[PDB]
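Participant: Take a look at this one; I'll ask things after.
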There are 12 protein chains.
Amino acid sequence: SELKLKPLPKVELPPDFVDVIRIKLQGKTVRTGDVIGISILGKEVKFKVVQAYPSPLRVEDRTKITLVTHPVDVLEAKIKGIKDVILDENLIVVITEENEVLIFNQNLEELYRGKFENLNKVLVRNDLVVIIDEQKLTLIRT
Amino acid sequence: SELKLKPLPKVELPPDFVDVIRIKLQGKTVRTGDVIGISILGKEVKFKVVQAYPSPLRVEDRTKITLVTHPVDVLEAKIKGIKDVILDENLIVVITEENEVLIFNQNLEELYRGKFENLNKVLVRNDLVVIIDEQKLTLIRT
Amino acid sequence: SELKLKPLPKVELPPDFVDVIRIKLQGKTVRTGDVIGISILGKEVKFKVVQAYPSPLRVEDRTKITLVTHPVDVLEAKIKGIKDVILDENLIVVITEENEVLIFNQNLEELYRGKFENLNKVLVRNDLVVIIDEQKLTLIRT
Amino acid sequence: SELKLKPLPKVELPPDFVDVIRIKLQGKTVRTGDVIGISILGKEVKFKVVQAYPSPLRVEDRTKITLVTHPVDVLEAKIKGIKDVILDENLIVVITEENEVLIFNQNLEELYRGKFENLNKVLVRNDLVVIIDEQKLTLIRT
Amino acid sequence: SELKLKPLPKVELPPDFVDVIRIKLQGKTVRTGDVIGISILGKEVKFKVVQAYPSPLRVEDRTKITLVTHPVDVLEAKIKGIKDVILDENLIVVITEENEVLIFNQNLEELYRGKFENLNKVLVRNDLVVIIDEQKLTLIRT
Amino acid sequence: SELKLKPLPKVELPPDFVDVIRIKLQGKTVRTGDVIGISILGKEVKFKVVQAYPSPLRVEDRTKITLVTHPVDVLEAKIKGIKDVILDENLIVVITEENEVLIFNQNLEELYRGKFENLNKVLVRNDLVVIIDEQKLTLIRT
Amino acid sequence: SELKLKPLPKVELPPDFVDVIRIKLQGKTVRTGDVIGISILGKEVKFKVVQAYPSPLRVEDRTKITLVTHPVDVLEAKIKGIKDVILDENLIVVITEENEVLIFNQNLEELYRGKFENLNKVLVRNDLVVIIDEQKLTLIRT
Amino acid sequence: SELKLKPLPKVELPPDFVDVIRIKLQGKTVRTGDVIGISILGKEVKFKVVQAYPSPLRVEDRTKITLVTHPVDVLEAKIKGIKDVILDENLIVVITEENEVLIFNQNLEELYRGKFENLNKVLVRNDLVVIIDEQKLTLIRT
Amino acid sequence: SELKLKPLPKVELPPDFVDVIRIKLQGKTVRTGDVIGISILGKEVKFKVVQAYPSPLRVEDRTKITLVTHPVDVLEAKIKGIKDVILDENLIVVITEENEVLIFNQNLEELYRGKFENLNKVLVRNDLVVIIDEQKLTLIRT
Amino acid sequence: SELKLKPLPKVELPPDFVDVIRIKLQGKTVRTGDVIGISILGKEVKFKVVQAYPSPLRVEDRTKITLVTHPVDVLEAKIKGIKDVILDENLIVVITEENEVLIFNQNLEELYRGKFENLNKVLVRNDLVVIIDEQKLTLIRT
Amino acid sequence: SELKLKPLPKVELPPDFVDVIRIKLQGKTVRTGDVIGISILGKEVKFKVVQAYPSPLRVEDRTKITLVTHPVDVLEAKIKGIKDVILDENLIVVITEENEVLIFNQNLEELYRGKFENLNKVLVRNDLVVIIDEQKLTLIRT
Amino acid sequence: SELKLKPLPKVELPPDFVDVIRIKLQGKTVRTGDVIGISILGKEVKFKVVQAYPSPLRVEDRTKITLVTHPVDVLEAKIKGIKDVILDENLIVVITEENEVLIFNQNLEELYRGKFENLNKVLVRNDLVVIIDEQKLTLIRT
């Protein structure tokens, strides 16, 4: 059991902070990507579960807990057969090998999913995504 | 059979509202872009059909219904044989196989429709669209 | 007990979704602002705990659960005696009545806290915050 | 009683089309934003009701019907007792007499509705809406 | 009878050009604001009727004709009691003393006209015009 | 004979409006690009002759009259053998196969015409047009 | 033989003024850019020679005279064998066959003239002109 | 009596060239903007009169002559009783004591001159000049 | 007594590392901006003292230590009697009670130091700082 | 052995200060970025080691010491086998031979370090770093 | 007598550098603003005479010599009775109490000097300076 | 002996100005690139020594003097085998064929010089220069 946590955006640390975390999170179920509030020294402190191994995970006394210190949010998305990726202002447009078009925002939240038998083009400009086959024009607004 | 819906007023919903929607829409025909009013907790709540796959579609028991929490709009324009598309600042220009030029705005409302026997090139910059054939030059001011 | 949850960014909804949520979240402890992953129909779905009443809260069979549908993140911060607020690009600068300067980012995460006996000025431009008393100049970079 | 209409596809019309439209609308109720399909020369053409004065209205013999060649769109939202409005980039923020805050986009689609007991100031910049009372600071991220 | 004409954008001038114009416009009816093509020296030349006195006017031998030379389009609109004018990109918003709102483009074509019993505010930003009374919010897109 | 007219920016339509137009324009001579004021229902209404076929044309009983509905100004200019067209801010530069350079504005008014025996280059930037042969440099400021 | 003229004050002209101008310029020499004063109705009016084709030219009876409205100016610089030209923000950079570099501003006023034995490349950005040969690097600051 | 001059080609001059110039201009009249050719070392060199103080002026022995390097130009327009001036992007707008409005470009070339009986306000933005009096609204499009 | 620290390499830390830091730094003197290397898990890890309140400070047992997860920098410049401060694009200009002007960059590195007997005004725009006294004008180019 | 130094406060120095600095640094080890305090005229002045060649270096008698008047800063980060680097707005992204990705800011402070087994492409835009392999897509939000 | 010199952009410093400078500049005449090359350690080094007090000055054994270290160019110009200063892009416009207008560039080189008996206004925008009295409008383009 | 001088920015010229300059520069030593103030007609006039042949040079009666008239600063730097030059805002980056990197400002003052055994890349963006070999990353801030 591994818990990789990231304080948001900071934490005042008491002595033996690991024992405290273990006691406060004892028996809880945790998944990768979760955000958990923990009462420390009388004040609420949020932690992003950067990684739970495995996920989900039940926090036990044997669970190893580490602090993540990078001032950056890491977000992942499993996508089968990525043909091309287009990047605009807080827009991420992914086209798959089977002509499926996906639209994500800055938090990597899936804003749009579409299937297109034929697929001539996909254009991106600012808030706009235009999808072109040989029968219709599809416009998607963010 | 797939439905992606979202409420027009951003009100809080009971989690089983999907059942109410299913029984209400059972056997009815739904297209992308439709707006359907449904009584919830004694008040009518309007729902926009963000996407229907396919469209049109007849709601069955095995139809997947999805709640959307983002202001995505999906617009379509049925156009036969799209050869190429140009995307500029709030202008969408479409050129077909039969040498037709169509001009849309950012809301996919048609601003112009035209046919050209000969057709060499099509240029777009800001509010201006220039169309070049073998005989004449056509200036279109948006 | 009240749980106001917001799907991120969407959820495919099964019949009797409330019973499912109640069963999956049964006996868990939840605070306002948390983000929880829930396995639904074989797929992981994240929910932002928009509000837990009270907070923290232990999910029981009597707990009323509602879905939040607004495509917007609401973030709150309790600050005693707000004298003035300055707003720049993803920067929120707050000055208190007792000459305390606070700097928040776009996620309302406290980036900086400072106490200043005397306080002549606070200036903001882009990434920069300049703090002026009668003894030193304090610059804070975001 | 006045109707301002425009065709959705920008096609060439015979000058007496208004008569057929009149026979179509004789005795019907029409509001601003309505879409009316009418057969012209054997093909269906959709017309948008750019404006109806008043709205709603029942078409009579003395109802004036006007063809519009400009791309104006008119949207309205009934809100009782509007105290103040802030207009930013594709954001419309409305504050009522009872300290209610509503946030719309450029299509006048509701992004948020919230009520606030105390209310000192409301600041808007880009995607950010800051609401300031005497106790806490509320950040709304669009 | 007086005709004030403007070449668009130029005219090659023959001897006794006044007699030429008089003969070519023989028996025609002319209104202020019209644009007329006249065959001069074997080439079509466009003239803006900058002013017809009176308007409309029937061109006779007694009609006095003068050339306007300013490289600028002058457009006029009679409005009783102008309270305020707001000016943006190719947008002219006029508010009268009796709360009438008018919206013109760069060619002074009346894009919008509205009456509002109560009237708190009128805001303009780019393509958007927002009108605020004490009952509803009106959004106008250009 | 065909007359394609566009109301500017709108027209209140009477019954049998085609007969009305035919009667009002009876015996008049019309060229493509003309703008004509016609008194309809007691108010002056401007019509752009979007196209007269042929041009010029004498309106007769056989003349087919149609209304144009596109919210766009279409301007045409016959140019023999267009080699290349350059597009900048409200500037349209056309180069012919016989080394002639033409410069138009946003209204397709011929601002400049020039012949150049030799012709190496034509560069465009903002208001400036630079023409290069093997003997001199020509600068044209708009 | 062609003259393109325009009055300096944009005042109204009698249509036959060209005749008077002709009497004034009979047998005289006219160049591009010249300013010619002519008495009309008892008052002097100055006319700029927008273009003289060719220039210089001797005015005859067969000289074509055109009235111009738009404020176009034509500037020329005789330079033998222009190899390439770079056009930047208010900077015109010319390179000749024998490796001569000349720098002009937007008024075609000569800012610099220099000769370089070897000549590899010439770079331009804003106020800076960088000249690269086989021996040294030359920086020219505008 | 002062002359500020500069050569048109930026060529190297002998330090005593001013004497030769003096011999050339003895007893002649020199104005601001004039171009004077003078033989130096057997080759003609053109000199622009950057400034003549005053202008016009008759050259004497007591005339001060200054060599200027920087490409400054001085343009003037005699206008009696200038009440106010508005300076925008390549537009100079002048309002006189008797409510006359004159519009110039960046070359001080007159684009428009107009008289208005009453005169409330004058607004300027980009290409648009709006004139507000007690009777009508006048739009001037540059 | 307060310490806000953050690691220079963004490595994962054991949660009780604060104990190690406390025992390592017990009785030592620490100032804001200091960089202190501390052995963790057999590897030296450098920690930047983001803020020490007060500074300097001697680490005790009751000293609060905070982990920071963001790239905040805190810079200070001790300057006696600061009258006013101007913040522009990457320039910070300070004016004191004793008429001293100091110029810093965005990293708070001193670019200029100057004293002025008389002192009227100080203007800042981009790279230029203009200083106006009763005698002379001083231009400072950054 | 070469030292390039500059004073932190921009004070006036006696020309022989380098001697005192030499006596201060005799036999000491100096690296790039070091800060060295030296008493001049009775007051301590800090000097930044802008560059040391080589670094580290031990000051000898034959060590060259240079006074610098330009505001250049030089930062370096030892990274074994740098495969590629992408430079955006205050973001420096480094990719190594072993497919390691490191993200730094404009102060060369480490924001992130991560290792990726497979690695097709890395895209950068504003605050966004997108990492694309054959299985998943990784978004890094700065 | 004081000489304040600044190396451009750096100087390698020999022992007893003051004696060296004194010997190399012995008996030379120096004015504020001069730039002098001095051979030091076998290499030419430029020094800007940041200040000579008095100016001019003859370097003698009594002359006090100091090094200036600020990474900034300081330029001064004595102007009697400065009423107002306007600052634009690389443009500095100064108006005196005796209605004299002076125009400087980024290097404080006097680009323009003008006297105006009456003086209503001075407006600055980019390269343009507009001067308004009660008889004429003066435009100065830089 | 030849002196090529440039007035900054102007010079009032007396009769026999060459003799005057020769007498005023009597016995002085002059280097290429120097700036010298000379009292002429009672006013200090600055001259850039554009070229001294040879350099340095002692002004004698045999010295030939010419005036340079270009309103531009010409700066030269001898660099053997220039492989590539990158140009940004007031930044000039030069890479030699033997992997030497040099960084100059707008005044061609050598801001940075570096040797790199291995050398993969050099990137430039605004104030930043990044240098990449196979062992370290070098960042240079301007």
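Each chain in the structure tokens gets a letter, A, B, ..., in the order shown, and its residues are numbered from 1; ligands are numbered from 1 in order too.
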Within 9 Å of residue 125 of chain H, counting only C-alpha atoms, which residues show up once you throw out same-chain ones fewer than 4 positions away? Write them as a compact mmCIF listing (two decimals) with C-alpha atoms, in the first residue's frame, please.
Facilitator:
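That gives us result.txt:
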# COMPACT_ATOMS: atom_id res chain seq x y z
CA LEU E 87 -19.57 53.84 -29.54
CA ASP E 88 -17.84 50.50 -30.16
CA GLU E 89 -16.42 48.57 -33.13
CA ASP H 88 -7.04 58.84 -32.75
CA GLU H 89 -5.47 56.05 -34.82
CA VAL H 129 -16.61 59.90 -36.34
CA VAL H 130 -19.95 60.54 -34.63
Participant: Can you list every residue in segment 78-135 of chain J that DSSP puts in strand (DSSP E or B), as a PyMOL selection string?
Facilitator: chain J and resi 78+82-88+91-96+100-104+110-115+121-125+128-132
Participant: Excluding same-chain residues fewer than 5 positions from residue 82 of chain G, what lies within 8 Å of it counting only C-alpha atoms, as number ranges by chain?
Facilitator: F: 132-136; G: 94-97
Participant: Could you superimpose chain H onto chain A using all C-alpha atoms, paired one by one in order, and tell me the resulting RMSD in Å?
Facilitator: 2.7 Å
Participant: With only C-alpha atoms counted and 7 Å as the cut-off, give the residues of chain K in contact with chain I, each with its shortest interatomic distance in Å and the pair that gives it, as CSV.
Facilitator:
residue,atom,partner,partner_atom,distance
K:70,CA,I:112,CA,5.6
K:71,CA,I:111,CA,5.9
K:72,CA,I:142,CA,5.4
K:73,CA,I:141,CA,5.3
K:74,CA,I:140,CA,4.8
K:75,CA,I:139,CA,5.2
K:76,CA,I:138,CA,4.7
K:77,CA,I:137,CA,5.7
K:78,CA,I:136,CA,4.7
K:79,CA,I:136,CA,5.7
K:80,CA,I:135,CA,6.8
Participant: Taking the chain letters and numbering used in this document, name the residues of chain L that DSSP puts in alpha helix (DSSP H), as a PyMOL selection string.
Facilitator: chain L and resi 17-24
Participant: Could you jot down the atom CA of residue 21 of chain I to atom CA of residue 54 of chain I separation for me, Å, one decimal place?
Facilitator: 18.5 Å
